[PDB]
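Provided below as structure tokens are two forms of one protein chain, presented individually as structure 1 and structure 2.
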Structure 1
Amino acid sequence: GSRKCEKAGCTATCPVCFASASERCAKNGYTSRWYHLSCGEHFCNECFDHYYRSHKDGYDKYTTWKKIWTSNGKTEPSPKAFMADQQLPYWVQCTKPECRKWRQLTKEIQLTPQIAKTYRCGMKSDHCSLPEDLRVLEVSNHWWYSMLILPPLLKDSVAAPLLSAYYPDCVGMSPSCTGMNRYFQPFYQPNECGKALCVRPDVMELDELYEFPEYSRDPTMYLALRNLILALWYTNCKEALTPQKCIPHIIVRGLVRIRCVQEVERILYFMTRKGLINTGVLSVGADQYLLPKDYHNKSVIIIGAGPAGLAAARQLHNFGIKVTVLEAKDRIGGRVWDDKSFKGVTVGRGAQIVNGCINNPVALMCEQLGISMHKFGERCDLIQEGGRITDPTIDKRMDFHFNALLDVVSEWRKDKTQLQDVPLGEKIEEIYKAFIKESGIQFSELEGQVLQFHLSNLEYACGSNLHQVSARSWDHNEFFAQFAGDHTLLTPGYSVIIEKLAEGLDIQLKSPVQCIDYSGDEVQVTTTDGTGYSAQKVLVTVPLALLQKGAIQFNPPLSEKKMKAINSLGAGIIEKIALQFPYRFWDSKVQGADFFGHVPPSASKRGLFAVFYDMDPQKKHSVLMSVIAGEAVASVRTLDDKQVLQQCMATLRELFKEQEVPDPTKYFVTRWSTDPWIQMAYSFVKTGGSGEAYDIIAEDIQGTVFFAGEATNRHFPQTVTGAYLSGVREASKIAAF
């Protein structure tokens, strides 16, 4: 026999058998062949044969395992795999602060999270004083992993139950193993259509390969640790996820467990910086910062305290980075602004709906806050002035035609460039006329009016009359995976999330920024009253309209490229009206539906209260909300609030013609259009424009000036979610520096 190892380049000058399974085990002596698992782990040819040979006592145990490993995995069941999976002793790190030595557990002991959580040397003299096995240090040599035969496979991963559709060994888990918020679906399932904020359990994302190139050859270990980390975060999103919390949940045999534990911290911090975990409204204070002291030296001025500014500020603050927020208005929130004065209900003057809760940051934050959302039902009757609910067949007939018009638009645009763009509204019109011409079919006036409702609904979505919006690019964002699942009413209002994000941050109100100078060593920021601020980096999150107006003086000036992109998007607008009543007059006719539609008498009036929203899902209080979109936004600019209220009440008395309607006892009418520091509702792509505009606006300048806000998120434009995510995005970029 020999004392040398098979593996070329192995530094084991004295192989010893860890298995001792054969009554003939060679121990530290001679054997025909030493089989290598790592630089510190070998088993002799006798113990090899003990399992591998049919006439040996350990053959049963190896064939049974070989069967489970077949009905469960995609990797070949080799004896070395069996060894690493079944016989290799566990290692656990002493938890005594001043020791922290790694210890080998005896071969019969099965390591559990509870054992790892509290382990100290000797747990069955000063056991902590016994020297650490010399093999432990070796593990932190980069070549150590390179001479590992097989990649680690985790046991009982917290991620396991979420991945039952994959081969465990394809996602870093062991084939021989084995009440979450329904909105948490972090992992793509096999054969799934795209959905927002999902990762593949079996493939590294582009940014991941960028940060951890050493895993491009074999991503097994990374995926297992990343998947575990996400599972743990979503299992409990109310606490910071730390390495200490993860380590006990890393269960794998062998010295490799030490390498896994050493990697988890790197991956944790990357996940945190990028905003995948330890995020949302989670708050962390002095001596709880989520990123190492290495990121802390730096400073930032954030301009704007809406969802985007507050997202970035929350992230950076939690990171340990010095942040100051400058807000123009006497309040935070921006286009989030809730009226809490209504009886028993919260009514948003701005945003209040969550579009697609699955994996939505907003859904996460509701979880963290213990907030419940109301899922909208599907029903939305199209009610005519005055009284008549639209015939179901007429309804279906015109829905079909409306969407058929969209199909042909999407067909027309395929070969058109930005230089040939035409307005969506004009395109739809032409296609419609040319269809009635082609086919002698003729629609009634009502059928035409129902079509107008649908058109109005497009205008609400874009915040613009359709003759302004791009036929080519109106729905550009759907090129990317969107947020799936329920649309909900955020009944408590977005303001609760806003408050929570801002709590304890350094925020200066009534401080409108007028000048940003990034020509010197650090950014000089000056307010409209001449007050000076300075920091290493600046993030601007002001609304698109304000960038278009040029209310902030940039030195040096924004690029011509940026200006073209800024002007190629539209500062979309809608206004809201809310009305309180003495009683729920609509219950008889509406029958519990979350909303009801209003068939337009004419094309010109189509955006005047097209949809009415019942603002109490408990059906107890009497508040209606409606919207003003498209052409009707203009028609209302010279009308005072009372006049708008009069037209809304006139509309309601028409919609409910065959009954009486009580007078409203309290109401508001929004004027976002003329709020000086906002001047809009949400962005859209103007004719001639491209989705790429969102990317161009998003582009930092010289890693010194950064941009966020709903109009900088190409994937998720318009929304609080999108604005929030753009802030997380920029916080990651800024923290990397």
Structure 2
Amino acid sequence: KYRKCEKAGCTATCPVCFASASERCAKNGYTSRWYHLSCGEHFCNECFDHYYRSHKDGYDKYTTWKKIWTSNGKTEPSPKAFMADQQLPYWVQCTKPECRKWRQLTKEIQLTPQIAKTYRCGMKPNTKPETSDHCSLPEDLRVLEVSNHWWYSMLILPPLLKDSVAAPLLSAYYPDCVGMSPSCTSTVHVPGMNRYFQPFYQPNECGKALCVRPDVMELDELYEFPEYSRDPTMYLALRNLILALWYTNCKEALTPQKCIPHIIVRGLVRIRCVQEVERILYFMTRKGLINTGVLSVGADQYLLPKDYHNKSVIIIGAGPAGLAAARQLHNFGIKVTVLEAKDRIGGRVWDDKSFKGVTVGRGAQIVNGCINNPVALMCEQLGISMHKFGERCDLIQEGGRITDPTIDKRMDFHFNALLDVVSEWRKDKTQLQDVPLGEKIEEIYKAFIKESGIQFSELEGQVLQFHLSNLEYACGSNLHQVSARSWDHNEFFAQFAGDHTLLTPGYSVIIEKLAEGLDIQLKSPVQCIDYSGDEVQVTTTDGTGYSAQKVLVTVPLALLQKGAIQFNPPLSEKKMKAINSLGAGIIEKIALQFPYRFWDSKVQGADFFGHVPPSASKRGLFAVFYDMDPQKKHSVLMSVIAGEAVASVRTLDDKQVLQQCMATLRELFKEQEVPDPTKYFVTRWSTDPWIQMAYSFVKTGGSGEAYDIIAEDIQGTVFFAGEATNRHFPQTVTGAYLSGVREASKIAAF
């Protein structure tokens, strides 16, 4: 007794039963109720009853299904859910480029990714027609409707994907909560021996960098796609599938064409899903979640639609951030020029390649926490290996004695309790009450000695000094410059989990790949940035002018501080306050080649050894020596000068620094002979005019917020990236890289 849909504002002139399950099916006629799934998809009450009522013959099928559904999912197992999960026909799009018509498949045909890839109109049960005349039959008029605004509004139930590539990573979630089907027999990390790809948080898991909640839409996602606010399921299913596809093949661009065949769901909704996967892809690409790293893009090929292509950008600095942003923008199809002061790219990445059998970094060479680390992604993309550091680091004393592990551990413990008293002391203190971390530590240690009567030996004091110099190394400063309140501010945010590694082939392999074929001008030090006009006007020191709509600054913090780039309009007081609130931390490195591996019998394959400092005054003077060949075949050691020791070396030439280091080595290996080095370098980052630092840290009275402030764009035309702009991940090549990706996403938007 009804031929119109049950639902208000349904646009279906003629509801038709897709089910035809009952002999008594209402077909294209009247029923007591026309059950709505979509504007183009209904079933009659007779067919409803065919499954739902215990006396009808479709009851076994429904009840069986409902059991599976209930034991696997958290969604109500209605007849509608059953119809959409098990009964609706599959729709597939003709892959002939001149055709592209969507076709409904006959009730019995099971869609597979192979059908999706090869489909042409008129393809019968077994997969290609004689002529392509089947293509000329008009498209069901329902197809055109799917892409309406009000069509999605009238979906009563969300799509649930079958055999999602994401499934194996979402075992811990209810499939439906994550946009997958509770009935697919399908019911951790992405496949790989390194295990570095862990894109999803486990249920209620936090504290792991770059993980995404597979069951929740973030704010940046709801803002881009607000149509999903009532039910995120569809977005989540497609975003999750997209992440899983990207990580299973990170070496090629992930396109809609690659995703289409992996979206298996019944009904007209599959069309909506196919039409959305494109938009979601573009969002995620822009954001740098996929289609990123050192992805090789064709000259003609661009990752974003021509819509984004009417922008030009000057990027200042060809370090990791500058190159990350340049690669992204260039891949997007945006016109980018990189201006670099030095005669090379890389910035604080600078690899020496002249030592036989190893590559040794003058700057960065460690990766701290490889899980979800873009550096590990780019390593994967390049098929290069990293070396995970071993645990063992003997503290050798001058004279040759190896410190007892219990002393090392006891004084490591006490070092950490000192840090805990500091974090106790500071919780209530304001910025204006900040005290140098070094002062706080010395104070606390004194009060501990005093009101406990505990007294440490000389050796114990010296081991404590070793652990102290590690923090100085980590901060890139003597602790008397470092904020007690804020030194580890970034630790508040999820950090990168997993391996700490030596990047054996060096960061330069990554840096060079990122830079490949980009418009990079070397020895083009920027002196002036003028954005007061319609275009940004950039002028190098020699006077060459460049203009673009947008400028990205990635110069080291020390260079901003020294005001090497004139900004007009000048930077805000707020920005300058932030800039000066951060310290330009410094370490220097020494590499030493020896005729043979003299240290092997004492060190026994460890990746590094420590140098117990003879005094507080010497503590950062070559505290750790790194065996630069994890293959244990070549003989190159590297060491580090940190803390007050960096100042001490400023007046020494390379040979004296070398002699100092050899004297150290001779003392550590006092009982034996140490051969002279055949080759070395000593770095001088602090007097390198375009760098003048190693990495930022928060000065006394500073805040981690300074990192966000430096990162804030001006007027949507001047953008900042770099290590010193990454609040979550300061200091590292990783953080620098991600800052550049961050800015390209900002720049590519509007």
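Numbers given to residues start at 1 and step along the sequence of structure 1. If you superpose the two forms and keep the largest set of C-alpha atoms that fall within 1.5 Å, you have the rigid core.
In the overlay on the core between structure 1 and structure 2, a shift of 2 Å or more in CA position is seen for a single residue of 529, 407, 640, 192, which is 192. Residue 670 shows a C-alpha shift below 2 Å between structure 1 and structure 2 [criterion: core-superposed Cα displacement of 2 Å].
After superposing the rigid core, the Cα of residue 703 is displaced by less than 2 Å between structure 1 and structure 2.
Comparing the forms between structure 1 and structure 2, the C-alpha position of residue 687 differs by less than 2 angstroms, with the core used for superposition.
When the rigid core is fitted, residue 26 shows a C-alpha shift of 2.4 Å between structure 1 and structure 2.
Its Cα shifted by 1.0 Å between structure 1 and structure 2, residue 68 is reported here after superposition on the rigid core. Core superposition gives residue 241 a CA displacement of 0.3 Å between structure 1 and structure 2.
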